[PDB]
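Order of appearance sets the numbers: ligands from 1, and atoms from 1 within every ligand. We use all heavy atoms of the structure for the numbers below, so side chains are in, but hydrogens, waters and symmetry mates are not. Numbering of residues begins at 1 and proceeds along the displayed sequence.
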Amino acid sequence: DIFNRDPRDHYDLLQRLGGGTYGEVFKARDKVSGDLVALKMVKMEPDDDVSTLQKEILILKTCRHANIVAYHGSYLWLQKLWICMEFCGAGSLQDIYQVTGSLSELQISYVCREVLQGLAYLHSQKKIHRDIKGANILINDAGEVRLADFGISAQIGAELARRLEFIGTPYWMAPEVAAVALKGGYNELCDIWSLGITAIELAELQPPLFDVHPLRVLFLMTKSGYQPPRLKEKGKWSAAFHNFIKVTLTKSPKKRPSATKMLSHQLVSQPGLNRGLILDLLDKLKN
Ligand SMILES: Cc1nn(CC(F)(F)F)cc1Nc1nc(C2CC2)c(-c2cncc3c2ncn3C)nc1C(N)=O
């Protein structure tokens, strides 16, 4: 499952694509097949024994779904874990919309249906993604939609930095998650709220309150009279899209629908939602 060797023995390392709390990601090519892959270098905590690491790589391998970037293999080299993953040629939805402008309502509907399929799978596996946003939804050259990873729950690498990252950028978290360090916990329904915010982000190029200081957003979201956000231009979007935002952004998690329930919402169950809508979006990159 995990190779005790240099990933460079099986791959040619190419350009660094980006990096964050999840690791450093590079473009790479398989030496034998010639196929493009993404190699992600994750620094390890010296306290995590190889049994702890193996338990997490087994999860990385078994927690599999068509709407989550596929895992190919791993390498333990120089106290670092290199993860080989499916190459998503068009980058994230943020990378795309910061060139193309706002996605169409049908494009957002397709993205939302595909992300809901991935979240319904992760929730069935008793995981909470807790990192849904446009930058963490990747697009391949075929127009397919994939979550970059299964979220923050990997008990390897910079887990603590990943877990606390939203405190400095809380715009996509549900109010029960924004109530950080208070007695109430949260459940998987926080992902449904994050998907509602991501739909507004795809429509408006930023999530609601993006211009507000992160500590002020945390202050506002724990106030009793806090109201969920809405789309800015009412006449630009259909009643179905406004209702999708209304129900995904239900303030109380005890009233917020599940990922499976959301899949029958009119916005994402309508006919004509396919990768061709995203192929049209990728065609806009050329102009
Ligand atoms: C082909 C390409 N282009 N771009 C745009 C850029 F500007 F970075 F180059 C990005 C890619 N590819 C990827 N980039 C990333 C991130 C460096 C941007 C990840 C990635 C992996 N693990 C966790 C992640 C990731 N993203 C967010 N989280 C939480 N994966 C892929 C990929 N599989 O193709």
Side-chain angles (χ1 to χ4, degrees), residues 7 11-30 35-44 56-57 59-61 63-75 80-100 111 114-115 118-119 122 127-166 168-173 190-191 194-195 197-198 201-202 205 207 275 278-279 281-282 284-286:
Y11 299 94
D12 288 309
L13 250 189
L14 307 175
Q15 50 171 127
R16 175 189 183 269
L17 295 163
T21 54
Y22 54 85
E24 295 285 282
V25 178
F26 300 82
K27 189 175 188 176
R29 192 184 304 115
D30 194 295
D35 300 357
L36 284 173
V37 300
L39 280 173
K40 176 171 55 192
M41 186 188 67
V42 187
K43 283 172 60 73
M44 298 281 102
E56 301 299 306
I57 272 67
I59 287 163
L60 250 177
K61 199 187 175 189
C63 194
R64 258 197 288 110
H65 189 271
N67 295 115
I68 300 166
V69 172
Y71 163 83
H72 294 331
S74 63
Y75 297 79
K80 291 166 299 195
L81 178 77
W82 285 84
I83 297 161
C84 183
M85 67 201 300
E86 157 184 16
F87 185 71
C88 292
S92 82
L93 279 172
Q94 184 185 138
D95 299 323
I96 296 162
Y97 70 64
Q98 295 188 308
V99 171
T100 68
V111 166
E114 295 300 290
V115 171
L119 287 176
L122 295 174
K127 291 197 175 56
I128 303 172
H129 189 282
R130 254 274 271 111
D131 199 24
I132 298 290
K133 66 187 295 189
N136 299 336
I137 299 160
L138 308 187
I139 305 300
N140 70 12
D141 295 331
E144 297 174 323
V145 174
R146 314 259 183 273
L147 292 175
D149 59 26
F150 52 62
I152 70 164
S153 64
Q155 300 204 74
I156 42 168
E159 187 278 328
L160 184 63
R162 236 189 133 172
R163 194 212 301 177
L164 305 179
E165 189 163 24
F166 83 94
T169 170
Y171 316 97
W172 287 264
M173 297 294 113
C190 68
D191 290 329
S194 298
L195 181 63
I197 297 298
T198 297
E201 175 202 348
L202 296 175
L205 311 182
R275 66 188 188 91
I278 303 301
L279 288 180
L281 183 67
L282 298 177
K284 290 190 66 178
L285 295 173
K286 303 168 183 175

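- Of the protein's non-hydrogen atoms, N136 OD1, 3.3 Å is the one closest to atom 27 (C) of ligand 1.
- Proximity to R162 (heavy-atom distance under 4.0 Å) selects the following atoms of ligand 1: 29 (C).
- For atom 5 (C) of ligand 1, the nearest protein heavy atom (residue, atom name, distance) is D95 OD2, 3.2 Å.
- Between the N67 side chain and the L147 main chain, no donor and acceptor come within less than 3.5 Å of each other.
- In terms of N/O distances under 3.5 Å, ligand 1 is not approached by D149.
- Put simply, the side chain of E56 gets close to the backbone of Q155: a donor and an acceptor are under 3.5 Å apart.
- Considering only non-hydrogen protein atoms, atom 33 (N) of ligand 1 sits nearest to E86 O, 3.0 Å.
- The shortest contact between atom 9 (F) of ligand 1 and any protein heavy atom is with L17 O, 3.4 Å.
- Every atom of ligand 1 with a heavy atom of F87 under 4.0 Å away is listed here by number and element: 1 (C), 34 (O).
- Close contacts between ligand 1 and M85 involve ligand atoms 21 (C), 22 (N), 33 (N) [criterion: under 4.0 Å to a heavy atom].
- Remark: the backbone N or O of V25 is not paired with any side-chain donor or acceptor of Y22 at under 3.5 angstrom.
- Nearest protein heavy-atom contact of atom 16 (C) of ligand 1 is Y22 OH, 3.4 Å.
- Shortest contact from atom 3 (N) of ligand 1 to any protein heavy atom: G91 CA, 3.7 Å.
- Given atom 25 (C) of ligand 1, the protein heavy atom at minimum distance is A148 CB, 3.6 Å.
- Here the SG-CD1 distance, from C88 to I137, works out to 12.0 Å after rounding to the nearest 0.5 Å.
- The aromatic rings of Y11 and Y75 lie perpendicular to each other, with more than 60° between the two planes, well past the 30° mark.
- Scored by the side chain to side chain contact (heavy atoms under 4.5 Å, CB included) test, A66 finds no partners at all (sequence neighbours excluded).
- A side-chain hydrogen bond (donor to acceptor under 3.5 Å, both in side chains) check over residues 137-146, counting only residues at least two apart or in different chains, returns the pairs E86-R146, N140-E144, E144-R146.
- Looking only at distances, a side-chain donor or acceptor of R130 sits under 3.5 Å from a matching main-chain atom of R163.
- Ranking the protein heavy atoms by distance from atom 31 (C) of ligand 1 puts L138 CD1, 3.4 Å first.
- For the pair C88 and ligand 1, the shortest N or O to N or O distance falls below 3.5 Å.
- In this structure, CG in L282 is found 5.0 Å from CD1 in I96, a value given to the nearest 0.5 Å.
- Between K133 and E201 there is no salt bridge, since none of the side-chain N atoms of the basic residue sits less than 4.0 Å from a carboxylate O of the acidic one.
- The distance criterion of under 3.5 Å between nitrogen or oxygen atoms is met by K40 with respect to ligand 1.
- Taking each of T21, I83, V25 in turn, the one with a heavy atom nearest to atom 15 (C) of ligand 1 proves to be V25.
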